[PDB]
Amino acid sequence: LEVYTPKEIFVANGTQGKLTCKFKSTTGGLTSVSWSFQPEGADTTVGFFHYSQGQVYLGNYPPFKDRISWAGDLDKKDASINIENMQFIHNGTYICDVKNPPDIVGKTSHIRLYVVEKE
């Protein structure tokens, strides 16, 4: 198992952010995806999205309410999510955690997401 995300993305504020994740494995069924957020300048992280067995599970982080959608396809080894109407409160590091049985405990990749003035 190997997990890729871009190192950085820049998103114009008010537009949709695409958090790309691609992985390699020998998929679907037991495989799961979690995404977490570390707000810039905090040392804590919020888990806010989880996907297994065709079902989306959403954490309660008010900045992400009504913004998070699954954009992946496990068969295509894509674990991406979209984030609507991105604003400066969404600046920080996004962390994708992919578990594929069998792997010992899974793998993670980080995106530093910079929201940028659309003006």
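Sequential numbering from 1, following the sequence displayed.
Engineer: Using what the record says, work out whether there is a hole in the model between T44 and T45 and how many deposited residues it spans (none, 1 to 3, 4 to 9, 10 or more).
Structural biologist: The entry has no unmodelled residues between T44 and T45.
Engineer: With reference to the PDB entry, specify whether the mean Cα temperature factor is higher for 85 to 93 or for 36 to 44.
Structural biologist: Mean C-alpha B-factor is greater for 36 to 44.
Engineer: Taking the mean of the C-alpha B-factors per stretch from the entry, tell me the winner out of 97 to 105 and 5 to 13.
Structural biologist: Mean C-alpha B-factor is greater for 97 to 105.
Engineer: Looking at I68, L30, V56, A79, which one carries the largest C-alpha B-factor according to the PDB entry?
Structural biologist: Max CA B-factor in the entry, restricted to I68, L30, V56, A79: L30.
Engineer: Sort the modelled residues of this chain by their C-alpha B factor and say whether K22 lands in the lowest, middle or highest third.
Structural biologist: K22: CA B-factor falls in the middle third of its chain.
Engineer: Please rank the C-alpha B-factors of the chain's modelled residues and tell me whether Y61 sits in the lowest, middle or highest third.
Structural biologist: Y61: CA B-factor falls in the highest third of its chain.
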